[PDB]
Each structure stands twice: as structure tokens, then as C-alpha cells.
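Take a look at the structure below.
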Amino acid sequence: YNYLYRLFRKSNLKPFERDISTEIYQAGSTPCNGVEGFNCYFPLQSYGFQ
Amino acid sequence: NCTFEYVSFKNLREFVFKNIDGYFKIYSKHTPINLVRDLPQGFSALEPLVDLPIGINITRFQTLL
Ligand SMILES: *[C@@H]1O[C@H](CO)[C@@H](O)[C@H](O)[C@H]1NC(C)=O
């Protein structure tokens, strides 16, 4: 679980752009305001390699 | 963090800074001047100094003095 990728972002990267920001992403009407829920998600996720 | 490091009126001193594809690029020039009321008309082209692989977004800046 040490390896991660970004599953959510505001907009696509420019060439060689790098981004460490961890803030909760909003995908719809729900005001997420720092917590997960329906259309509210933590942006970094793991492959869980087995 | 702390991911990169490098070490290298009488005058008008002139600089240019620009960022392209996550590279960051600098140019400059230095000259004597006759008068200080406004920028003096004429030519003295600026020349490159450094080109840094920063991989960072820049939208604001400030002078340190
Ligand atoms: C840099 O990040 C800011 C804040 O997210 C954003 O407004 C800006 O559009 C980004 N820079 C460029 C060149 O798009």
C-alpha cells in the first residue's frame, strides 16, 4: 500500500507538472468542505500490489 | 521538500524571468546610466544565466531587499 496514484483532479496536468496536494475532491452538488461522502472523495488511492 | 539547490544611482540592472514546460529560465544585463528620472531610451540586449528543471507552477512573485 506504499505505492499510490491520483484518482481525482480539477484539471489535467501540463507536461512534466507535479502535484502533492491531498484536499478532498468534489464530483457533484454535495458541499464536501473537508470530508468524504456521496460525490466527495479523497484524491490519492493505492494499487495494493499482490 | 528542499528538493533543489545551486550556488554560482550608478547602474541600471535588468533581468528577465520566464517559465516553459516546467523549466525556468533567466536572462540579465548591467550598464552605467546618464540620468535617473526614468528608463533611458536605447539598446543593450539581455543574455542568459540559468535554466532550472523546477517542475513547479508559478503565478506570483515578490522582491527581497
Ligand atoms: C497554478 O495553480 C493555480 C492554483 O491552483 C491555478 O489558478 C493556475 O491556473 C495554475 N497555473 C497555470 C499556469 O495554469
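In the C-alpha cells, chains take letters A, B, ... by order of appearance, with residues numbered from 1 within each chain and ligands from 1 in the order shown.
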Taking only C-alpha atoms and all ligand atoms and a cut-off of 12 Å, can you tell me which residues surround ligand 1, written as a PyMOL selection string? (chain A and resi 9-15+17-21+23) or (chain B and resi 18-22+55-60)
Determine, counting only C-alpha atoms, which protein, DNA and RNA residues have an atom within 7 Å of an atom of residue 12 of chain B; residues of the same chain fewer than 3 positions away are not included. Present the result as a PyMOL selection string. chain B and resi 30-33
Take the selection from the previous step and output its residues with N, CA, C and O atoms, as a tab-separated table (two decimals), in the first residue's frame.
```tsv
chain	number	residue	atom	x	y	z
B	30	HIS	N	23.65	44.64	-17.37
B	30	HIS	CA	24.09	45.68	-16.44
B	30	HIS	C	24.74	46.83	-17.23
B	30	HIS	O	25.48	46.56	-18.17
B	31	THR	N	24.46	48.09	-16.89
B	31	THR	CA	25.03	49.25	-17.61
B	31	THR	C	25.14	50.49	-16.71
B	31	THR	O	24.28	50.69	-15.85
B	32	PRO	N	26.12	51.39	-16.94
B	32	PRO	CA	26.03	52.77	-16.47
B	32	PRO	C	24.87	53.52	-17.14
B	32	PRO	O	24.41	53.12	-18.21
B	33	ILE	N	24.41	54.60	-16.50
B	33	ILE	CA	23.31	55.46	-16.97
B	33	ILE	C	23.61	56.95	-16.75
B	33	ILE	O	24.24	57.32	-15.76
```
Straight-line distance linking atom CA of residue 52 of chain B with atom CA of residue 6 of chain B, stated in Å to one decimal: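 For atom CA of residue 52 of chain B relative to atom CA of residue 6 of chain B, the distance reads 9.7 Å.
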Could you pull the residues within 9 Å of residue 54 of chain B, counting only C-alpha atoms, minus those fewer than 4 positions along the same chain, as a PyMOL selection string? chain B and resi 4+22-24
Please identify which residues in chain B DSSP calls strand (DSSP E) from the backbone, and express them as a PyMOL selection string. chain B and resi 11-20+23-32+47-52
Please, could you write that set of residues out with N, CA and C atoms as a compact mmCIF listing (two decimals), in the first residue's frame?
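Contents of again22.txt, as written:
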```txt
# COMPACT_ATOMS: atom_id res chain seq x y z
N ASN B 11 24.08 52.53 -11.79
CA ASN B 11 23.73 51.48 -12.74
C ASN B 11 22.22 51.39 -12.99
N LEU B 12 21.86 50.97 -14.20
CA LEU B 12 20.61 50.28 -14.48
C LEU B 12 20.93 48.79 -14.62
N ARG B 13 20.24 47.95 -13.85
CA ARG B 13 20.41 46.49 -13.86
C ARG B 13 19.10 45.85 -14.28
N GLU B 14 19.13 44.99 -15.28
CA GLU B 14 17.95 44.49 -15.97
C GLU B 14 17.95 42.97 -16.00
N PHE B 15 16.80 42.36 -15.79
CA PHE B 15 16.61 40.92 -15.68
C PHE B 15 15.33 40.51 -16.39
N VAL B 16 15.28 39.27 -16.85
CA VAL B 16 14.06 38.64 -17.36
C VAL B 16 13.95 37.25 -16.76
N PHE B 17 12.75 36.88 -16.33
CA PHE B 17 12.42 35.57 -15.80
C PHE B 17 11.25 35.00 -16.60
N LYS B 18 11.33 33.75 -17.07
CA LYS B 18 10.18 33.07 -17.72
C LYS B 18 10.15 31.57 -17.43
N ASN B 19 8.97 30.97 -17.48
CA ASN B 19 8.76 29.55 -17.21
C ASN B 19 8.02 28.86 -18.36
N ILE B 20 8.56 27.74 -18.86
CA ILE B 20 8.03 26.98 -20.00
C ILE B 20 8.20 25.48 -19.72
N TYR B 23 10.48 23.91 -17.02
CA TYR B 23 11.78 24.59 -16.95
C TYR B 23 11.56 26.06 -16.54
N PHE B 24 12.52 26.66 -15.86
CA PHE B 24 12.52 28.08 -15.51
C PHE B 24 13.84 28.74 -15.92
N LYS B 25 13.76 29.88 -16.62
CA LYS B 25 14.85 30.46 -17.42
C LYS B 25 15.08 31.92 -17.04
N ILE B 26 16.34 32.34 -16.95
CA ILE B 26 16.73 33.70 -16.52
C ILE B 26 17.70 34.33 -17.52
N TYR B 27 17.55 35.63 -17.78
CA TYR B 27 18.46 36.48 -18.57
C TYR B 27 18.77 37.77 -17.81
N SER B 28 19.88 38.46 -18.09
CA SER B 28 20.17 39.76 -17.47
C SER B 28 21.14 40.63 -18.26
N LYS B 29 21.27 41.90 -17.87
CA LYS B 29 22.30 42.85 -18.32
C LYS B 29 22.51 43.96 -17.30
N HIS B 30 23.65 44.64 -17.37
CA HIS B 30 24.09 45.68 -16.44
C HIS B 30 24.74 46.83 -17.23
N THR B 31 24.46 48.09 -16.89
CA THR B 31 25.03 49.25 -17.61
C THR B 31 25.14 50.49 -16.71
N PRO B 32 26.12 51.39 -16.94
CA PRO B 32 26.03 52.77 -16.47
C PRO B 32 24.87 53.52 -17.14
N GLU B 47 21.14 38.73 -21.82
CA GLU B 47 21.76 37.44 -22.17
C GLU B 47 21.56 36.39 -21.07
N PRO B 48 21.51 35.08 -21.40
CA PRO B 48 21.05 34.04 -20.47
C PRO B 48 22.02 33.79 -19.30
N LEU B 49 21.48 33.30 -18.17
CA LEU B 49 22.24 32.91 -16.98
C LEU B 49 22.04 31.44 -16.57
N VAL B 50 20.79 31.03 -16.32
CA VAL B 50 20.45 29.70 -15.78
C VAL B 50 19.13 29.18 -16.35
N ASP B 51 18.98 27.86 -16.36
CA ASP B 51 17.83 27.14 -16.89
C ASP B 51 17.58 25.90 -16.02
N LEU B 52 16.56 25.97 -15.15
CA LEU B 52 16.37 25.08 -14.00
C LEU B 52 15.17 24.13 -14.18
```
Quick one: residues within 10 Å of segment 25-36 of chain A, only C-alpha atoms counted, chain neighbours fewer than 2 positions away excluded, as an NGL selection string? :A and (7-10 or 22-23 or 38-43)
Interatomic distance (Å, one decimal) between atom CA of residue 45 of chain B and atom CA of residue 5 of chain B: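 Going from atom CA of residue 45 of chain B over to atom CA of residue 5 of chain B, I get 28.2 Å.
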